[PDB]
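*Asks:* One structure is given below, represented as structure tokens, and several questions about it will come after.
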Amino acid sequence: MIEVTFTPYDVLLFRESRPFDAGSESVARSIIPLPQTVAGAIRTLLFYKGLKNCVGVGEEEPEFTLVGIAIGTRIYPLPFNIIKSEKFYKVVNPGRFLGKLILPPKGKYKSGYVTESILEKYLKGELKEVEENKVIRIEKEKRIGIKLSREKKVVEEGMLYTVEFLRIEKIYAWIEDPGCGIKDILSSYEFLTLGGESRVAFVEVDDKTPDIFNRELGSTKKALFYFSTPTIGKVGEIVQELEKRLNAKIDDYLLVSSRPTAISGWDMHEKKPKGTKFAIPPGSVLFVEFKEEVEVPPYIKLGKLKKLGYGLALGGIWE
Amino acid sequence: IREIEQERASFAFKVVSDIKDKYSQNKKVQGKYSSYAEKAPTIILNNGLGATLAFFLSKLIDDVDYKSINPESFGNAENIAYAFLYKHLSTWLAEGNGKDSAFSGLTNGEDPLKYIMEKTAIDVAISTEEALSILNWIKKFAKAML
Amino acid sequence: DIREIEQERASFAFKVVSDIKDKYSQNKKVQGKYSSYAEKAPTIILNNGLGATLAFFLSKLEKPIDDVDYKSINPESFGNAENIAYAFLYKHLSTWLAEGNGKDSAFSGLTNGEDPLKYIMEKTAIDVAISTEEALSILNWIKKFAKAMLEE
Amino acid sequence: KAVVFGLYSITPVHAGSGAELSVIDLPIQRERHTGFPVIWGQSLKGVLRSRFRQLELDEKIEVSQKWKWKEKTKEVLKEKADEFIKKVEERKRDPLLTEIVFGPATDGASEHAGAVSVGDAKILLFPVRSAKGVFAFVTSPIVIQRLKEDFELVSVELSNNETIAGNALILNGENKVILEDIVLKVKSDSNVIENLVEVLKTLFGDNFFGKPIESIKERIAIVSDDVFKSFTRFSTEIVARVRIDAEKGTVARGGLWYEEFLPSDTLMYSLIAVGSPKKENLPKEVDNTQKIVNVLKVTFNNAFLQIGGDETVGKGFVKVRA
Amino acid sequence: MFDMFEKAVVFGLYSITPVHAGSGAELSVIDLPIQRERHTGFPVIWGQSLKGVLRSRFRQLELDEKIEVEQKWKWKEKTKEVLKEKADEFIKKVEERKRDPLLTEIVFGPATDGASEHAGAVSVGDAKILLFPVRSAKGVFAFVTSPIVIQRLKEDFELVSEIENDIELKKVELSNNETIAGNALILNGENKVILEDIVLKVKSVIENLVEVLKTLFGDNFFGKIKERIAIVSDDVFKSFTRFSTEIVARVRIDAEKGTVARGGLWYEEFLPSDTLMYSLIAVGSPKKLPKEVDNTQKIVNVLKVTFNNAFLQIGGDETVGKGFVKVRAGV
Ligand SMILES: [Mg+2]
């Protein structure tokens, strides 16, 4: 597995799906980067390097597989079963009622990010709570710009716009290369355009598997699956897929989640927006009670568009 | 340049509070200290820091030592207020808020008047600016407390 | 890093006033007289001139105002407190104009070691004007420390 | 490839930020995370594009021959050249090389992208009044670490009371530096200032915008991160401006406001990331990244630009080294 | 490589009265300080202060048809020649002080009502100190300058050189106790100069600097200096500009009691008379046009004829005789 590290020179824009044309709708608000955007940046580099075989021009997916992405300062969205109570974010474990897994009422969820070490303790079921100071928020930087007339140096009519950028220190991407020679091509490049407004990020590439993908969790009936990237597909099909890949049937499951992630994007091949897809948002947790004990995998890919970085679930246990 | 302002404000509040504490029933002393605090920067502007310190000296000697001053041992309000202001200004330039704080003075414990006689013109200029700045803070708390 | 003349004036003034207090700690008369004469001196200079002021001091010592080098004057060789003080003041003032606060200080005088009174009676009016202003400036500082240190 | 643009302010600079939170009416652009003064990539790009465009239209661009954009437009767009040139005169589009380097004017945006990515101008040296040597070129470890990281990828420990400074700032024998009205004690150090100067020399050359870089070494002061941040936030120029009602000869109603300025003698740097030119049927002399980089260097090296607002009251002028 | 401008003019400013270019009241012993460059401590006049002064003068001259272009400039006629149909409504705006006369708006930009129409054609630079007057034991006073000031002057010449595309248009080291000075300042038989409260040793540059001043301001110096020029170190010069300005106590007297009224005592700073400052005035192509002023060269000519040898008032306290300067505008 190859590990790509993107270091933004300054700011990044991963624009939400909304009109953003000069002289009209003029507000661009960034979201947390979707893995397909990172995949697109890599595919575009290969598209220009002449490796159009691995790109998948006009195709939904490339030949290579983007395992997933993570932002860094490496941090992850607070699991949705972690609820803020006073100055602490408390882990809420599944309960049972009428023979069904439920999450007991303990307050509303508040968004935020935690370090990889805090997530690791969570996945091992050893995390009780997190002090509110260790819960990170992503910094935004709002910039307001204009367009000037060529000669008179005054603002052209209606040419004012606003961008809410993200201030991100690092983005990590992991790629499985079936022999396209991506590691060599990425090594030849120092930087690439990532997201909107022609912002660039420095590129480093190392041949390594992150330790979080190599954890030994043991065997249990009570496994959980933390989605680190958006996961596309019906919950039923995802659970069924999970049953097949682990060769074990499920007694019951509970999806703790939030607002669905709206995913469209821009088709650079056809020069028009991509079709809207809906996904289980990062930070969502699928609690599963298998009928038999399973060896909980450190990570597992689920749902549609796996090669674009979607459906990266991190294994964990609960009691 | 912001932390130094806080340090000055801390010192200023302290010395004015000591004035108001020791001479609570004595409005003449409090009023004299206030007036002299207001006049002090003017004397410095028109005569220089050296002359001003010398002027304070004449309101009190064997040696020039601000430490040896005892403001409470004087007979009238004029001399008491002068001795206090003089010691306050000198203490700030020499000691700051103590050596356990961010600002511990400019002259390293040496009396500012003798300091001016010995050091460079640059050393005198920074001591002059600093003197004006601490008096400016003393004036603030004086008007509000005295 | 240079120094300003004011620093040298204050330094010199403190030194000569401390020298009197040291040599005559038990003599309040000598101290009181010196302070009176230091206070009087600038006014005499403004009304009568620097030359007449230096000569005025020498006449108090009954010295020939035309044939006396300041270095030859030793204040510690007079009886009454008045002549002791006059000798000190004349000495201090002349030393300042002649040597400043030292050859390696920020001010080494104006007369280049020549006796100030002899200098005045030998040089031009502009030279005298520059020395006159400087005489007033050093006396201002002598007065400052005399007022605070010297007792009556 | 990439070009590093060094920017040295010779007059105060007002790169306006409406979104900046401040007690000042018109504050300058700043970085969200560090609070450091900055010039946005978009502001700088606009400046660079406008200068480049004027030169192209005036046939002053060199590629080592005179660039004739209308001639090149015809040997590129062929049958569509005349209507394009018409749009340029109508200010609906920009001349050929300008659009190749910086992208099409908004009317033709979807056709292709601009070859260059203009990065933020990040602060490097900030001038602060010094009791000795008039003023110091002040920086911090966090700044030096950022510079080193940006350069390494494109290719220090101090307390709040300490400074690593050049000799021209240090009071003789006192081992102290006085910045404005505060005193910093000198920390003994051998190569950090020297290392920094070497980095500056490797990026901008022997001459530091009209002076030997060795002269700068004597007046560099490295201070702690908190102290540097304090100076960049509270030592910038805060100037009151008014409008006079000449009928009365007094200040007009609503005619008083405050404006912030980045001082002159500030050093900033922007990395210009250059991709391949994206327009179809490119002329040979500008058909790849290196050729775009070369034109950028020749056009802007040793140039004078005006950045930000207040041009007509003498603000925003910088020297450029590329 | 300064192609945004085509020509430039240096505006020499010599104060004949004390000058208060203000920055506003401060909680300080000096209640009303003059404008200063913060990181050097040098006195300045911001370009916006100078532009407002130049604009107001130019505007009044155009309204009174005293502006010389190439003959007299009749702004109403030229307005009708340019605006044609809607010229009458524009003139009405001017008489109502809503807009400014044609040439004024071309040079300095539109009045606040028409701000969005176009920018001004000229760039009025901050005025910086070149010669600062300092009292001297001999020679009464000295015109004091320093290497860093001389250097900034040379660099501004490089700006003019780049703008006018004239490569033909394009070393002073001193210890702190040293000076390079004219004969009038040097004490009789000592080789020393006393400026303010500082003794400076005379070092064996001035003649060359004067030749430079003779270039910009003509053979005559504002109708008047080498004998009283003193070059000192950068830090000594800096201390002079910061601590040798006029600081004056002013009062308001109760007209009935003959005594100082409450809120009627403050200290105010003034740049001394006999101070030489200069501003770089850059001229670009007009952005608004009659043939008489359709390009940069013609606008420069108007600026030169209008303000050369003229008297201006800059800063506040005009009514108590402050801010009067003489201007020399050379290319
Ligand atoms: Mg855009």
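Chain labels run A, B, ... following the order of the structure tokens; each chain numbers its residues from 1, and ligands are numbered from 1 in the order shown.
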Would you name the residues within 8 Å of ligand 1, counting only C-alpha atoms and all ligand atoms, and put them as JSON, numbers by chain?
*Replies:* {"A": [196, 197, 198]}
*Asks:* Would you export the selected residues with N, CA, C and O atoms as a PDB file, in the first residue's frame, please?
*Replies:*
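Result went into selection37.pdb, see below:
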ATOM      1  N   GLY A 196     -10.832  23.554  -5.494  1.00  0.00           N
ATOM      2  CA  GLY A 196     -11.124  24.698  -6.338  1.00  0.00           C
ATOM      3  C   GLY A 196     -10.182  25.880  -6.209  1.00  0.00           C
ATOM      4  O   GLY A 196      -9.257  25.872  -5.399  1.00  0.00           O
ATOM      5  N   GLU A 197     -10.439  26.895  -7.034  1.00  0.00           N
ATOM      6  CA  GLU A 197      -9.680  28.146  -7.058  1.00  0.00           C
ATOM      7  C   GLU A 197      -8.192  27.933  -7.319  1.00  0.00           C
ATOM      8  O   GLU A 197      -7.355  28.729  -6.888  1.00  0.00           O
ATOM      9  N   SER A 198      -7.883  26.858  -8.039  1.00  0.00           N
ATOM     10  CA  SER A 198      -6.518  26.541  -8.456  1.00  0.00           C
ATOM     11  C   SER A 198      -5.525  26.497  -7.301  1.00  0.00           C
ATOM     12  O   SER A 198      -4.362  26.847  -7.474  1.00  0.00           O
TER      13      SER A 198
END
*Asks:* Quick one: residues within 12 Å of residue 121 (chain C), only C-alpha atoms counted, chain neighbours fewer than 2 positions away excluded, as a compact mmCIF listing (two decimals) with N, CA, C and O atoms, in the first residue's frame?
*Replies:*
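For reference, result_15.txt as written:
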# COMPACT_ATOMS: atom_id res chain seq x y z
N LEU C 50 30.37 85.96 31.76
CA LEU C 50 31.15 84.85 32.30
C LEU C 50 32.54 85.28 32.77
O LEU C 50 32.98 84.88 33.85
N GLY C 51 33.21 86.09 31.97
CA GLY C 51 34.54 86.58 32.32
C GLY C 51 34.53 87.33 33.64
O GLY C 51 35.39 87.13 34.49
N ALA C 52 33.54 88.20 33.81
CA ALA C 52 33.41 88.99 35.03
C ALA C 52 33.06 88.12 36.22
O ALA C 52 33.36 88.46 37.36
N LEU C 54 34.02 84.75 36.58
CA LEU C 54 35.24 84.04 36.93
C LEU C 54 36.22 84.97 37.65
O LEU C 54 36.86 84.56 38.63
N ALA C 55 36.32 86.21 37.19
CA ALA C 55 37.18 87.20 37.83
C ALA C 55 36.62 87.58 39.20
O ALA C 55 37.38 87.85 40.13
N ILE C 65 43.58 88.47 38.83
CA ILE C 65 42.62 87.92 37.87
C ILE C 65 43.21 87.71 36.47
O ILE C 65 42.54 87.18 35.59
N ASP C 66 44.45 88.14 36.29
CA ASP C 66 45.11 88.05 34.99
C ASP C 66 46.22 87.00 34.98
O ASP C 66 46.64 86.56 33.91
N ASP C 67 46.70 86.62 36.16
CA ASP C 67 47.85 85.72 36.25
C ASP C 67 47.57 84.51 37.14
O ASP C 67 48.33 84.23 38.06
N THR C 111 37.83 74.83 25.94
CA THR C 111 39.02 75.68 25.85
C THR C 111 40.29 74.88 25.57
O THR C 111 41.38 75.45 25.54
N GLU C 114 43.21 75.17 28.07
CA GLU C 114 43.59 76.54 28.40
C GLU C 114 42.70 77.08 29.52
O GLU C 114 41.51 76.75 29.59
N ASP C 115 43.28 77.89 30.40
CA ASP C 115 42.52 78.50 31.48
C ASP C 115 41.39 79.34 30.91
O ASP C 115 41.63 80.22 30.08
N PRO C 116 40.15 79.06 31.34
CA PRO C 116 38.93 79.68 30.81
C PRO C 116 38.97 81.21 30.81
O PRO C 116 38.60 81.82 29.81
N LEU C 117 39.41 81.81 31.91
CA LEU C 117 39.47 83.27 31.99
C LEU C 117 40.50 83.82 31.01
O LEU C 117 40.24 84.80 30.31
N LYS C 118 41.67 83.18 30.94
CA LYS C 118 42.68 83.55 29.96
C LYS C 118 42.15 83.34 28.55
O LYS C 118 42.42 84.13 27.65
N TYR C 119 41.40 82.26 28.37
CA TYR C 119 40.75 81.95 27.10
C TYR C 119 39.79 83.06 26.68
O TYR C 119 39.83 83.52 25.54
N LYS C 123 40.21 85.13 23.20
CA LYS C 123 39.45 84.65 22.05
C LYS C 123 38.38 85.64 21.58
O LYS C 123 38.32 86.78 22.04
N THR C 124 37.54 85.18 20.65
CA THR C 124 36.51 86.03 20.06
C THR C 124 35.19 85.94 20.82
O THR C 124 35.02 85.08 21.69
N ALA C 125 34.27 86.84 20.49
CA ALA C 125 32.98 86.92 21.17
C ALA C 125 32.15 85.65 20.99
O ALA C 125 31.43 85.24 21.90
N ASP C 127 33.30 82.57 20.56
CA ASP C 127 33.89 81.56 21.43
C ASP C 127 33.40 81.75 22.86
O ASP C 127 33.08 80.79 23.55
N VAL C 128 33.34 83.01 23.30
CA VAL C 128 32.88 83.34 24.64
C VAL C 128 31.39 83.00 24.82
O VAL C 128 30.99 82.52 25.88
*Asks:* Which residues are close to residue 285 (chain A), i.e. within 7 Å by only C-alpha atoms, leaving aside same-chain residues fewer than 6 positions away? Reply as a compact mmCIF listing (two decimals) with N, CA, C and O atoms, in the first residue's frame.
*Replies:*
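What landed in selection.txt:
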# COMPACT_ATOMS: atom_id res chain seq x y z
N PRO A 79 -17.10 10.04 16.31
CA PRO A 79 -18.14 9.01 16.17
C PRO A 79 -19.47 9.53 16.70
O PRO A 79 -19.51 10.15 17.76
N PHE A 80 -20.55 9.28 15.96
CA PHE A 80 -21.83 9.92 16.27
C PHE A 80 -22.49 9.41 17.55
O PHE A 80 -23.49 9.97 17.98
N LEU A 224 -18.01 -3.33 15.78
CA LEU A 224 -18.52 -2.08 15.24
C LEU A 224 -17.66 -1.63 14.06
O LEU A 224 -16.51 -2.05 13.92
N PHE A 225 -18.23 -0.79 13.21
CA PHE A 225 -17.55 -0.34 12.01
C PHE A 225 -17.70 1.17 11.85
O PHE A 225 -18.77 1.68 11.51
N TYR A 226 -16.60 1.87 12.11
CA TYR A 226 -16.54 3.32 12.01
C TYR A 226 -16.21 3.72 10.58
O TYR A 226 -15.17 3.35 10.04
N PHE A 227 -17.12 4.47 9.95
CA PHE A 227 -16.92 4.89 8.58
C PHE A 227 -16.09 6.17 8.53
O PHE A 227 -16.55 7.24 8.94
N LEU A 255 -27.32 1.28 12.95
CA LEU A 255 -26.56 2.34 12.31
C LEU A 255 -26.79 3.66 13.03
O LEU A 255 -27.88 4.23 12.98
N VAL A 256 -25.75 4.13 13.72
CA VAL A 256 -25.78 5.45 14.35
C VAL A 256 -25.17 6.44 13.38
O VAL A 256 -23.99 6.33 13.03
N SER A 257 -25.96 7.40 12.92
CA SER A 257 -25.50 8.30 11.87
C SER A 257 -26.11 9.69 11.99
O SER A 257 -26.52 10.11 13.07
*Asks:* Name all residues at most 6 Å from residue 103 (chain D) (count only C-alpha atoms; drop same-chain ones fewer than 2 positions away) and give them as an NGL selection string.
*Replies:* :D and (99-101 or 113-114)
*Asks:* Give the residues of chain A that lie within 10 Å of chain E; count only C-alpha atoms, and format the answer as an MDAnalysis selection string.
*Replies:* chainID A and resid 149 151:157
*Asks:* As a PyMOL selection string, please: every residue in region 89-166 of chain D that a backbone DSSP assignment puts in alpha helix (DSSP H).
*Replies:* chain D and resi 89+96-102+141-154
*Asks:* When you look at region 116-124 of chain D with a cut-off of 6 Å (counting only C-alpha atoms), what residues show up, excluding the ones that are within fewer than 4 positions of it in the same chain? I need them as a list in words.
*Replies:* residues 198 of chain A; 38, 39, 40, 41, 45, 267, 268, 269, 270, 271, 272, 273, 274 and 275 of chain D
*Asks:* List the spatial neighbours of residue 37 (chain D) as an mmCIF file with N, CA and C atoms, in the first residue's frame - criterion: any atom at most 10 Å away, only C-alpha atoms, same-chain residues fewer than 5 positions off excluded.
*Replies:*
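Once written, selection31.cif looks like this:
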data_model
loop_
_atom_site.group_PDB
_atom_site.id
_atom_site.type_symbol
_atom_site.label_atom_id
_atom_site.label_comp_id
_atom_site.auth_asym_id
_atom_site.auth_seq_id
_atom_site.Cartn_x
_atom_site.Cartn_y
_atom_site.Cartn_z
ATOM 1 N N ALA D 15 -3.520 45.589 1.576
ATOM 2 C CA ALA D 15 -4.300 44.527 0.954
ATOM 3 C C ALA D 15 -5.560 44.329 1.785
ATOM 4 N N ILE D 28 -6.070 44.982 7.229
ATOM 5 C CA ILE D 28 -5.379 44.298 6.142
ATOM 6 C C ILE D 28 -5.648 42.798 6.200
ATOM 7 N N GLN D 29 -5.400 42.120 5.085
ATOM 8 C CA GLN D 29 -5.541 40.670 5.007
ATOM 9 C C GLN D 29 -4.595 39.968 5.974
ATOM 10 N N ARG D 30 -5.107 38.948 6.655
ATOM 11 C CA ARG D 30 -4.312 38.162 7.593
ATOM 12 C C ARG D 30 -4.656 36.681 7.489
ATOM 13 N N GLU D 31 -3.707 35.830 7.859
ATOM 14 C CA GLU D 31 -3.957 34.396 7.907
ATOM 15 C C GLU D 31 -4.812 34.061 9.123
ATOM 16 N N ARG D 32 -5.800 33.196 8.922
ATOM 17 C CA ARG D 32 -6.723 32.798 9.982
ATOM 18 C C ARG D 32 -6.023 32.084 11.135
ATOM 19 N N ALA D 121 1.074 35.353 -0.555
ATOM 20 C CA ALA D 121 2.355 35.927 -0.167
ATOM 21 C C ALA D 121 2.456 35.839 1.345
ATOM 22 N N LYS D 122 3.370 35.008 1.831
ATOM 23 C CA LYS D 122 3.532 34.802 3.265
ATOM 24 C C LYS D 122 4.586 35.742 3.835
ATOM 25 N N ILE D 123 4.394 36.171 5.076
ATOM 26 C CA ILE D 123 5.338 37.093 5.696
ATOM 27 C C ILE D 123 6.643 36.372 6.056
ATOM 28 N N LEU D 124 7.758 37.080 5.922
ATOM 29 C CA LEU D 124 9.070 36.503 6.170
ATOM 30 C C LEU D 124 9.871 37.394 7.113
ATOM 31 N N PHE D 126 9.481 41.165 9.101
ATOM 32 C CA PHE D 126 8.631 42.291 9.477
ATOM 33 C C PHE D 126 9.454 43.358 10.204
ATOM 34 N N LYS D 229 4.207 37.493 16.650
ATOM 35 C CA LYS D 229 2.779 37.630 16.409
ATOM 36 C C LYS D 229 2.260 38.946 16.985
ATOM 37 N N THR D 232 3.375 41.827 14.699
ATOM 38 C CA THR D 232 2.681 41.845 13.413
ATOM 39 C C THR D 232 1.229 42.288 13.560
ATOM 40 N N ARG D 233 0.696 42.207 14.774
ATOM 41 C CA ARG D 233 -0.693 42.587 15.006
ATOM 42 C C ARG D 233 -0.841 43.993 15.595
ATOM 43 N N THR D 236 1.679 47.287 13.139
ATOM 44 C CA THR D 236 1.303 47.767 11.815
ATOM 45 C C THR D 236 0.786 49.202 11.933
ATOM 46 N N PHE D 261 -2.158 49.585 7.694
ATOM 47 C CA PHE D 261 -1.162 49.400 6.648
ATOM 48 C C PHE D 261 -0.046 48.454 7.084
ATOM 49 N N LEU D 262 0.343 47.559 6.183
ATOM 50 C CA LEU D 262 1.583 46.811 6.330
ATOM 51 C C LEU D 262 2.726 47.777 6.041
ATOM 52 N N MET D 268 8.073 39.522 1.913
ATOM 53 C CA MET D 268 7.133 38.417 1.788
ATOM 54 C C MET D 268 7.508 37.542 0.605
#
*Asks:* Skipping near chain neighbours, those fewer than 5 positions away, what residues fall within 10 Å of residue 149 (chain C) using only C-alpha atoms, listed as a PyMOL selection string?
*Replies:* (chain B and resi 57-58+61-64) or (chain C and resi 14+17-18+21+31+35+143-144)
*Asks:* Smallest atom-to-atom distance to chain B: which of C:38, C:81, C:97, C:106, using only C-alpha atoms?
*Replies:*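 Among the listed residues, C:106 lies closest to chain B.
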*Asks:* Tell me as a PyMOL selection string which residues belonging to chain C come within 7 Å of chain B, counting only C-alpha atoms.
*Replies:* chain C and resi 1-4+7-8+10-11+144+147-149
*Asks:* So what do you get for CA of residue 260 (chain E) versus CA of residue 320 (chain E), distance-wise?
*Replies:*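 Separating CA of residue 260 (chain E) from CA of residue 320 (chain E) is a distance of 18.7 Å.
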*Asks:* Which is closer to residue 267 (chain E) than all the others in E:254, E:232, E:156, E:248, using only C-alpha atoms?
*Replies:* E:248
*Asks:* Using only C-alpha atoms, find each residue of chain D with at least one atom at most 9 Å away from an atom of chain C; report its shortest atom-to-atom pair and that distance in Å (one decimal), sort the rows by chain and rising residue number, and return the result as JSON lines.
*Replies:*
{"residue": "D:132", "atom": "CA", "partner": "C:1", "partner_atom": "CA", "distance": 8.5}
{"residue": "D:171", "atom": "CA", "partner": "C:1", "partner_atom": "CA", "distance": 7.3}
{"residue": "D:172", "atom": "CA", "partner": "C:1", "partner_atom": "CA", "distance": 6.8}
*Asks:* Please, which residues in chain B fall within 10 Å of chain D when counting only C-alpha atoms, and what is the closest atom pair and distance in Å to one decimal for each, ordered by chain then residue number, as JSON lines?
*Replies:*
{"residue": "B:1", "atom": "CA", "partner": "D:182", "partner_atom": "CA", "distance": 6.4}
{"residue": "B:2", "atom": "CA", "partner": "D:230", "partner_atom": "CA", "distance": 7.3}
{"residue": "B:3", "atom": "CA", "partner": "D:230", "partner_atom": "CA", "distance": 9.1}
{"residue": "B:4", "atom": "CA", "partner": "D:182", "partner_atom": "CA", "distance": 7.2}
{"residue": "B:102", "atom": "CA", "partner": "D:161", "partner_atom": "CA", "distance": 8.0}
{"residue": "B:103", "atom": "CA", "partner": "D:183", "partner_atom": "CA", "distance": 8.9}
{"residue": "B:105", "atom": "CA", "partner": "D:183", "partner_atom": "CA", "distance": 9.7}
{"residue": "B:106", "atom": "CA", "partner": "D:183", "partner_atom": "CA", "distance": 8.1}
{"residue": "B:120", "atom": "CA", "partner": "D:171", "partner_atom": "CA", "distance": 9.2}
{"residue": "B:122", "atom": "CA", "partner": "D:131", "partner_atom": "CA", "distance": 6.7}
{"residue": "B:123", "atom": "CA", "partner": "D:171", "partner_atom": "CA", "distance": 8.9}
{"residue": "B:125", "atom": "CA", "partner": "D:131", "partner_atom": "CA", "distance": 8.8}
{"residue": "B:126", "atom": "CA", "partner": "D:181", "partner_atom": "CA", "distance": 6.7}
{"residue": "B:127", "atom": "CA", "partner": "D:181", "partner_atom": "CA", "distance": 9.4}
{"residue": "B:129", "atom": "CA", "partner": "D:181", "partner_atom": "CA", "distance": 7.4}
{"residue": "B:130", "atom": "CA", "partner": "D:181", "partner_atom": "CA", "distance": 7.3}
{"residue": "B:133", "atom": "CA", "partner": "D:181", "partner_atom": "CA", "distance": 9.7}
